[PDB]
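Trainee:
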Amino acid sequence: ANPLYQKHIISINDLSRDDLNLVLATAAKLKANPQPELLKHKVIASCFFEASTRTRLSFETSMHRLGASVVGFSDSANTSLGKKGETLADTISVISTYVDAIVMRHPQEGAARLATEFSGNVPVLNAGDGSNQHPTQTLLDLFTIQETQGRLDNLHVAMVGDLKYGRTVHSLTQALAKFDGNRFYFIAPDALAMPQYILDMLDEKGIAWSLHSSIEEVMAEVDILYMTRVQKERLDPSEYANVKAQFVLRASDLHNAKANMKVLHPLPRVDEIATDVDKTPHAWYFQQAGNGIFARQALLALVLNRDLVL
Amino acid sequence: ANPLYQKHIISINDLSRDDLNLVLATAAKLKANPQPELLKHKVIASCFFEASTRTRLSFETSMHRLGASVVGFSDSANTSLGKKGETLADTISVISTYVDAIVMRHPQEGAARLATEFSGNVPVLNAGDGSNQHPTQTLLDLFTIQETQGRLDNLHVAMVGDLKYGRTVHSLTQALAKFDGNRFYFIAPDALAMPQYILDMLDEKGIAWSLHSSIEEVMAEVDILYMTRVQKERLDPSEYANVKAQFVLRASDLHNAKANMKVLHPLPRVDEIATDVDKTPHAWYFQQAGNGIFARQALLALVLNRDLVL
Amino acid sequence: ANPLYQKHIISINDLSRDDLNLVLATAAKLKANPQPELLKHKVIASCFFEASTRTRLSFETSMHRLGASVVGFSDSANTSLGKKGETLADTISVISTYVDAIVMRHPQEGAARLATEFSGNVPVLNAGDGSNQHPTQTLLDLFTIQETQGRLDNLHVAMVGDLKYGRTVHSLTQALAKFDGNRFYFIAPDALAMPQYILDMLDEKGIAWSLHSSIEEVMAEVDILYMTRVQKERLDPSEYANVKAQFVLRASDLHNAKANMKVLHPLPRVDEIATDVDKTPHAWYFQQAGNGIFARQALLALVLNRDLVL
Amino acid sequence: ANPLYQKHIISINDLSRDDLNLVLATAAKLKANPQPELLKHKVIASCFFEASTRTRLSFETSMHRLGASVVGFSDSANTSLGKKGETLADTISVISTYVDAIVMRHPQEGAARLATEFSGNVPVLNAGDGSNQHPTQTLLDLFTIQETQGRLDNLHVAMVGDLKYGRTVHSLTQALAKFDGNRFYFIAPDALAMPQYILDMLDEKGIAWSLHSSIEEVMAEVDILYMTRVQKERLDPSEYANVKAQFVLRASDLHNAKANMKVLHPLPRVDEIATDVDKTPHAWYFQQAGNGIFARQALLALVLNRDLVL
Amino acid sequence: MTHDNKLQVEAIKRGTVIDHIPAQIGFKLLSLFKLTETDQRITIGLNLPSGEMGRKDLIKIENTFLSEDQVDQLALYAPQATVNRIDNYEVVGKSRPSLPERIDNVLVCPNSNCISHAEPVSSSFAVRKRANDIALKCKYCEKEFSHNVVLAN
Amino acid sequence: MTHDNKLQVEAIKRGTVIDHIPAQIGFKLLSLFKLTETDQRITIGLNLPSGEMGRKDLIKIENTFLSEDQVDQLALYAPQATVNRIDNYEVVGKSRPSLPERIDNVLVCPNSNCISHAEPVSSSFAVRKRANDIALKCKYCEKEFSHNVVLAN
Ligand SMILES: Nc1ccn([C@@H]2O[C@H](COP(=O)(O)OP(=O)(O)OP(=O)(O)O)[C@@H](O)[C@H]2O)c(=O)n1
Ligand SMILES: Nc1ccn([C@@H]2O[C@H](COP(=O)(O)OP(=O)(O)OP(=O)(O)O)[C@@H](O)[C@H]2O)c(=O)n1
Ligand SMILES: [Zn+2]
Ligand SMILES: [Zn+2]
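Protein chains in written order, with full-length UniProt numbering: chain A, 2 to 311; chain B, 2 to 311; chain C, 2 to 311; chain D, 2 to 311; chain E, 1 to 153; chain F, 1 to 153.
#1: Relative to the C-alpha of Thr-145 of chain D, which residue among D:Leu-311, D:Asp-91 and D:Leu-173 is closest?
#2: Answer with yes or no whether the minimum CB distance from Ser-215 of chain D to chain F is below 9 Å.
#3: Counting Cβ pairs, one atom from each stretch, are 3 or more of them under 8 Å apart for the segment 152-163 of chain C and the segment 202-212 of chain C?
#4: Is any heavy atom of ligand 1 found at a distance shorter than 8 Å from the C-beta of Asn-63 of chain E?
#5: Report the residues of the segment 234-264 of chain B with a CB closer than 7 Å to any CB of chain E, ordered along the chain.
#6: Quick one: does the C-beta of residue 155 of chain F sit closer than 8 Å to a heavy atom of ligand 4?
#7: By the 8 Å beta-carbon criterion, what residues does the segment 184-212 of chain A contribute toward chain F?
#8: Just checking, does the segment 215-230 of chain B make contact with the segment 241-259 of chain B on the three C-beta pairs under 8 Å criterion?
#9: Just verifying my parser: in three-state terms, what is the DSSP assignment at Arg-297 of chain D?
#10: Can you name the residues that DSSP bridges to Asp-130 of chain A?
#11: For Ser-31 of chain F, which residues in chain E fall below 8 Å Cβ to Cβ?
#12: Take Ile-93 of chain A as the anchor and find which of B:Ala-299, B:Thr-117 and B:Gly-291 has the nearest alpha-carbon.
#13: In whole angstroms, what separates the C-alpha of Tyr-186 of chain A from that of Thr-149 of chain A?
#14: Quick check on the DSSP output: the beta strand (DSSP E) that includes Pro-49 of chain F runs from which residue to which?
#15: Report yes if the CB atom of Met-64 of chain A is closer than 9 Å to the CB atom of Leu-301 of chain A, and no otherwise.
#16: In whole angstroms, give me the CA-to-CA distance for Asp-104 of chain E and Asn-14 of chain D.
#17: Specify whether the segment 40-56 of chain D and the segment 107-123 of chain D touch according to this definition: at least 3 beta carbon pairs, one from each stretch, less than 8 Å apart.
#18: What is the DSSP secondary structure of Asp-191 of chain C, counted as helix, strand or coil?
#19: When you check each C-beta in the segment 77-89 of chain C against every C-beta of chain D, which residues fall closer than 7 Å?
#20: For a test of the three-state rule: what should DSSP assign to residue 312 of chain D, helix, strand or coil?
#21: How far does the alpha helix (DSSP H) with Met-64 of chain D in it reach, from first residue to last?
#22: Any idea what DSSP makes of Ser-172 of chain A, helix, strand or coil?
#23: Near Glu-118 of chain D, what residues of its chain come up, given a Cβ to Cβ distance below 8 Å and the 5 sequence neighbours on each side ignored?
#24: May I ask you to report which of helix, strand or coil DSSP gives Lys-60 of chain F?
#25: Quick one, which of D:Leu-115, D:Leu-140, D:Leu-141 and D:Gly-121 has its alpha-carbon nearest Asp-130 of chain D's?
#26: Hey, is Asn-111 of chain E close to ligand 3, as in C-beta under 8 Å from one of its heavy atoms?
#27: Is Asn-84 of chain F near ligand 2, with its Cβ less than 8 Å from a heavy atom?
#28: What are the residues of the segment 95-123 of chain C that lie near chain D, defined by any Cβ-Cβ distance shorter than 8 Å?
#29: Identify the residues that DSSP records as bridge partners of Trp-210 of chain B: which are they?
#30: Within the 9 Å Cβ cut-off, does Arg-168 of chain D reach chain C?
#31: Quick one: Cα of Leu-140 of chain C to Cα of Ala-296 of chain C, how far?
#32: Residues of chain A with CB under 7 Å from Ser-132 of chain D, in chain order?
#33: Whose C-beta lies closer than 8 Å to the C-beta of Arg-307 of chain A among residues of the same chain, with five residues either side of it excluded?
#34: Could you give the first and the last residue of the continuous alpha helix (DSSP H) run that contains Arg-18 of chain B?
#35: Can you tell me the Cα-Cα spacing of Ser-97 of chain D and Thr-169 of chain D, whole angstroms?
#36: May I ask you to check if the CB of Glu-90 of chain E is nearer than 8 Å to at least one heavy atom of ligand 1?
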């Protein structure tokens, strides 16, 4: 039986390097020969207690491309659950009574892991729990670095933007640290700096990182440039606009990028990457979003299947 | 052709004992050998004009487990139907023009029965009409009494909670009265008493019932203890809390319950059943919710199929 | 100073028969010989944390017919104080440094009493606190009973409607049970009847009361008919429409009433009192609302002025 | 006429030390010997396009303790002006034909200053404009520092909380840097520290300041402790709960304070100041809110009266 | 200084001894009435072998004399108790609790719309009807409940 | 005999004596670890003179052997407490608390958005002596806090 068979994919810190490579080699196969009836007759719940369209449409299309049925709700817009005083432990003890896996997003951190205590042995795959984790966004990012760069070690990866609150830059830094010889460049305004616990974990593993104030200091050396959106609510109108709005990429900045350099962005991009970057061969944010189909398909295949023959 | 073929399941008072037993023997078969393509190519509408997540997810998963497609809406959150001044007669005359059955919940009593006048011969299955009926919740309850108790007659059934407004205790009392020798114990605060029309119908059928003020008066004799939630809105804050909040079950109260006694609750339970009851072998509320899958599957199978070979 | 000078007016329970008589005596003087500059230079705060337009406007008009200034607010989905974190105690502690008296209506019971512990020596007058007290309504009903009947003792007072939850009828019975010889008739749907506490108190004082079923039964003996509205939230629509052929009042029903009998209603009178009653001599609910002005002017004048010579 | 007669009060930056002293001198006279008919026959407009209940009520009470009339509004999801298309400039141009002075609070910065160009010769007083200015708060804090300490120079003023975004602390530092010899201690989470502009200004004047980490460090030297609230929106809940063991004030911490040391807070004080501080002699935030009345009466009297002889 | 043992532990030099505490109410009493925040020596016996209830509990607080109103707050939880007051190794005083007229701080109004839940006030209840069974009226919301119910929560 | 030390000693036959409880942690320990929910004889001593470590507390629990894990748990509160088992009238093992792997149940997540606040869950933190302090990682939100942020709250 494969190691992920019937496991819960709650956190990236729980997946080993080997776990990461198994998912990523399976995504590569399903991208190459489809298996559109592997999950035939499986019914899966797509519970998004917090709405997230991008993520839901992708998760469900991946479920549809392997043949599974989907039931569920998008909410944050009062669709009857939580009324009276139904606890989440009780909602999950009733939903796992008839579905084969629960994909769930929720506003509080820890909610997917508590679902795990109540689901019996229906697996729980986490699609975001507050500011804690989002495994399936790190899995697709990793798959896109792997697929375009050919490797996940010896990378020079730059992380640009709000590094203090960006839930995905924090997990991708944790996963790339599972691998060897990667080098990090963090470029963030001072108020949005990469927290100590990341930095401390990097230092303790002997991994090299450095902070820079502009992208042009490091463009030449870089392989993956992972951009984040600054949320203007996190600053005041004037701070955002003042000098700090220069974590924005334009096509002209790519002048001297290596032929292999790729720009990734979990999205929505609002203005940190200008529209003219799209026509460059380095723009890979949308092809990154398309790769979420195969990484989410691979996890569902590996978790619901004992033995996966390919 | 089976008796339920292409009938509307609007009310429990319209189903005979034989009708009830046929559905329940079919639920038992589908629970035992699945028939995941019996409703292949059927498209069913899941119209929940009033949102009810628990009920919708269950109805749709049952539709998915027999192979049917589902289209439809959850609303009570202004999703365009009822705008301009579209009557329900007109909404249903247009939806029955392309679906094979309508499952519908609605806030006013009588709405499913009016849908029946306009659907042509697309069957209408009612998932709740205001304070009137909910057949599919009584069917699953009955199936869970049958399956755990081995029978539906000669039962000592206690009904605890708000018996005046609880739509489901009223219908389950009506269905169990279809059968023989059952004995009822009603335990309700005075303002939430079981209405006369129930009591009068019981008296007229020679069925025995009695009112008690605590569960410990009757625990020893009881087979099914069906708990209801008191809605605090139905009382004032102080009334609810005052003496009347003792229609709450804890594990310690089960001390002398018969080995067969089962606790059922349509849900959400908020605090009338304490968390420690769950670890007792008598807690059957969630296994009751899981049984809604087979009772709803059986009705859909029986209504859309001429002859059901098993 | 007068007995109520700088006193807090929170519960009718807290004021003796003599205080009640002092108020009703003053209100008759203020109705007779107006004193428009009595509170000249006082600023009263009208803090309605719960919107009530008729009670707010009667009070601000009282404030202004005695010459005072008014600062305040009302609140449905608006106006910052309370918010969350802002305690009522810190709102009061701050507002009691600005004003000379506080009139407040709030949704939780005892809000006016909590206020009293933070206003300093600024008097706090309760205009409604959840389901507990509303003394300025009881004072205007008593003024209206006194000026129509000539006394407050030896009355045959019929109370009708939701006796279980009308806060005004609980108060009125307490207050009229401080005068002597009053006989009480309580015509309620038994789902909505007098709490046993009102009834238990009335028996310790020896007061006579009786429960009746329809006004037609007591019409002939009664001096005040105090109608209350029936809260259709607290009732099932089908129960609501079922009770006898209601307890609504029409002029046909009055063909029997005593010449000096008056119908009172705290208002709104939605459908329990038909429009034809409005033109009989027995209709007194609008004159009852006009006396609100004289009752609240009396209370304000006594609280804020040491000696009042009128 | 007096220096401020018919002047606009928009930024604290715009008023010299002498103007600040003129106001604080007048407010002490108005507190001493009231003048209730000073603005008799003036109508002031209280235009709160942003709801602020404590600031609105302090101002309207100021207006009324000097005899003026008040027309105005507040606005959460209500009240037509602005709407869209209605420019602030045309609202002002219209309202300045009706009133004698305009007090306004608005969410965008410089709204009060734009107003000044359309009010004609009608004075405009700012009660808050986005994150820019709130001069009537600074004037009441200074009045409170002057009446508790006896001077406005040579003070050891500790400022605590969100120094980066409290508009009141930016203003207070500007204003206290017009008096002489003041020493400043700034205890902020470094994510929320004094902007370099306040700090750059303080150094051009030679003022001494220092940054500290916890109040326990400066407790012993300090005359004013000005606490500010920490905006938990601007913070991750987990960061918010992580900082040292907070910068909240409890009476245990005050065991060291100077006898004349006072704790000020613009309010609300949600949890940064515990309830036991309220009973120490060092608590002065409610007396600080009462002085709001005297500060805004002084400003209104000087703006609307040519010569004031009190 | 006298022959302690622990089955009925002996002698403090002056202080209070609340003895004949029902059983499992002794710790309830240390919690509720915060008896613990003194730097004085407290000695406590729990599930002890005698004072006729069979098992009983006992608290000894040297140098503290807590009295008359304090002794009466003990009445809803431990009405069978005796509060011995001691000076120079002798029980110079021995009283029992009796129902007070007011019980501050210790109870929670069972009415959830009461304002006392969210605010910097102490709970307060007016007490009435000795031993046939106690009703408690909240100071704030003025709802009267059965002690049974407030004492449940 | 006397330089007072014991006086008429509560010398138990079989049990656990938790000695050197740092003063004021004595009551925490009973509450948090729900040690009085037993029918066996306990004798507690609060704020004992122990000139030798100033003042301390001490719980004696009869016929109970609370151990290994149960003992290590106390490490966060009373870092130096010597638990002592007794089998027949004397010390048959003094055991010191070691900092454990996990601390379950007794502790609260600082994180107000952590789901453990509204749910039927028992808290659980992973302990890491980050040499200087002890960091505590929540099982659910996976946020890491100084043990002093958690032990205040
Ligand atoms: N200096 C002393 C003297 C007495 N006691 C305690 O005081 C309590 C009761 O005092 P006493 O009247 O001397 O014994 P009793 O007569 O049994 O009191 P009662 O009849 O009320 O039980 C006993 O539990 C005893 O331990 C004590 O601790 N210290
Ligand atoms: N029959 C016994 C034996 C011991 N003890 C208790 O067990 C503890 C064990 O201490 P011990 O090793 O006997 O001498 P100490 O020096 O007090 O131990 P430590 O060095 O840890 O303080 C003492 O507090 C004593 O009260 C007891 O109550 N009954
Ligand atoms: Zn209360
Ligand atoms: Zn947590």
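Think of the CB as a built atom: it goes at the ideal place given N, C-alpha and C, for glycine as much as any other residue.
Mentor: Quick look at the numbers:
#1: D:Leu-173
#2: no
#3: no
#4: no
#5: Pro-238, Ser-239, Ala-242, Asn-243 and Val-244
#6: Nothing can be reported for residue 155 of chain F, as the shown portion of chain F is limited to 1 through 153.
#7: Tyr-198
#8: yes
#9: helix
#10: A:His-107
#11: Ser-31
#12: B:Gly-291
#13: 19 Å
#14: 42-49
#15: yes
#16: 53 Å
#17: yes
#18: helix
#19: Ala-78, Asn-79, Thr-80, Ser-81, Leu-82, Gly-86 and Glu-87
#20: Because chain D is modelled from 2 through 311, residue 312 of chain D falls outside the range shown and cannot be assessed.
#21: 54-66
#22: helix
#23: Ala-90
#24: strand
#25: D:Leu-115
#26: yes
#27: yes
#28: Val-95, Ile-96, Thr-98, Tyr-99 and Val-100
#29: B:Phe-185
#30: no
#31: 6 Å
#32: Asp-237
#33: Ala-2, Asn-3 and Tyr-6
#34: 18-33
#35: 28 Å
#36: yes
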